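What follows is a set of notes on a single structure, which appears directly below.
Cβ atoms come from the backbone with ideal geometry, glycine included; neighbour counts cover every protein chain shown. Every number in this text was worked out from the coordinates using simple rules, so none of it is lab data.
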Amino acid sequence: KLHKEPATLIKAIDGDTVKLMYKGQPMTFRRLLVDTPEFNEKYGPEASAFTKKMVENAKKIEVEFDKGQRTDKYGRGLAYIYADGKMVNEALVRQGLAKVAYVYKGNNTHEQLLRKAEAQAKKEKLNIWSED
Amino acid sequence: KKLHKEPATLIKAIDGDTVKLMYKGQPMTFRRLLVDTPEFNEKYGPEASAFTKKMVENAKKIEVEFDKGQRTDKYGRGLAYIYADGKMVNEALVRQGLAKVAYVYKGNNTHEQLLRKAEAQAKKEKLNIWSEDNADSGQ
Ligand SMILES: Cc1cn([C@H]2C[C@H](OP(=O)(O)O)[C@@H](COP(=O)(O)O)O2)c(=O)[nH]c1=O
Ligand SMILES: Cc1cn([C@H]2C[C@H](OP(=O)(O)O)[C@@H](COP(=O)(O)O)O2)c(=O)[nH]c1=O
Ligand SMILES: [Ca+2]
């Protein structure tokens, strides 16, 4: 008889990190300027589902490095991620599924864009901002 | 200066007939034995794709099963039967008219009759691929 052997599915998307092909090689990217709840926190599954749909349904993904630091201390490419023109970082925050975080000079070009989205999500008391 | 946008592509765990799995401690792309699934730009591609993704993403236990002939195809893909909680994905897609039996070679054809049988049945119910008129006309 043939023999069954274990294996486990690879995950490209893990919270604020996504594994993409860049310059013909795989690379781990960590979304700039945001902090998304983990799968075991409130809104964590919702934020994962939103990211998955946004990125898997994109014909075109682009990354935009900022000017201050290309890679964090853990080897992750720090970037804004675009799915068919729309910034994933911004969309999450707009939907109240991520907060603005890790904002540092040099790597904070789109900070105002994100703070604007966050203000709107808080005013709407949406998702993360629905809690007391 | 404005920042510049650069291209990249999503790394896809599931893509057509291929699945990327961690196997003996290392990542490996596998090609499902004995089947041909429509690609995402072809009809039922997004369906066959969703059914695969459902089956495999929701599995608690994934297994691979190599056959007795070629282990790796000429594109560097491991050739295997893929199981999700004990149910073979290869067989399931064929039974659900979401893939055709194909690429059947002596040595790597242990499950040929199981699948051909599933394909035979799949036509009669006329589901998905086989729900089109004359889709079973061998064109
Ligand atoms: C987003 C981001 C995170 N980080 C670091 C800070 C955290 O390190 P410390 O854990 O050592 O405090 C970590 C959070 O990433 P994750 O949220 O992916 O874990 O990544 C940066 O250094 N720069 C950044 O721009
Ligand atoms: C299933 C299978 C495919 N292949 C090859 C045949 C096709 O090569 P050609 O492209 O040269 O025709 C290709 C189809 O794979 P995909 O259907 O995943 O694209 O993989 C094998 O060599 N052995 C197999 O067992
Ligand atoms: Ca195919």
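Structural remarks
- Only one of the numbered conditions (1) over 30 Å from A:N57 (Cβ atoms); (2) in contact (Cβ under 8 Å) with a residue 60 or more places away in the chain; (3) buried (at least 19 other Cβ atoms within 10 Å of the Cβ) is not met by B:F66, and that is (2).
- Of note, B:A13 satisfies the criterion of being in contact with a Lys or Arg (Cβ under 7 Å, 6 or more places away or on another chain) and either of a type in the set (G, A, S) or closer than 19 Å to B:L127 by Cβ (or both).
- Test: residue in segment B:125-136 that is farther than 28 Å from A:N57 by Cα, under 16 Å from the mean Cα position of the chain (by Cα) and surrounded by 14 or more Cβ atoms within 10 Å (Cβ to Cβ): no
- Residues that are outside any loop (DSSP other than H, G, I, E, B) and among the hydrophobic types (A, V, I, L, M, F, W, C) within segment B:8-24 comprise B:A8, B:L10, B:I14, B:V19, B:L21, B:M22, listed in sequence order.
- Members of segment B:111-124 that are of a type in the set (G, A, S) and crowded, with 16+ Cβ neighbours inside 10 Å: B:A118, B:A122
- Checking each residue of segment A:83-92 against the condition of being surrounded by 13 or more Cβ atoms within 10 Å (Cβ to Cβ), in a loop (DSSP other than H, G, I, E, B) and among the aliphatic types (A, V, I, L, M) gives no match.
- Hey, A:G24 within 16 Å of ligand 1 (Cβ to nearest atom) and either small (G, A, S) or touching a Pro at 6+ places or on another chain (Cβ under 9 Å) (or both) or not: no
- Among the candidates B:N90, B:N58, B:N108, residue that is more than 13 Å from ligand 3 (Cβ to nearest atom), polar (S, T, N, Q) and touching a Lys or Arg at 6+ places or on another chain (Cβ under 8 Å): B:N108
- Per the listing B:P46, B:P27, the residue uniquely within 13 Å of another protein chain (Cβ to nearest Cβ), part of a strand (DSSP E or B) and loosely packed, with under 15 Cβ neighbours inside 10 Å is B:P27.
- One residue stands out in segment A:35-88 among those that are among the small types (G, A, S) and in contact with a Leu (Cβ under 8 Å, 6 or more places away or on another chain): the one that is nearest to ligand 2 (Cβ to nearest atom), namely A:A58.
- Matching entry among B:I14, B:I82 (being under 12 Å from the mean Cα position of the chain (by Cα) and either closer than 20 Å to A:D14 by Cα or within 16 Å of ligand 1 (Cβ to nearest atom) (or both)): B:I14
- Odd one out for A:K73, checked against (1) within 16 Å of ligand 1 (Cβ to nearest atom); (2) touching a strand residue (DSSP E or B) at 6+ places or on another chain (Cβ under 6 Å): (2)
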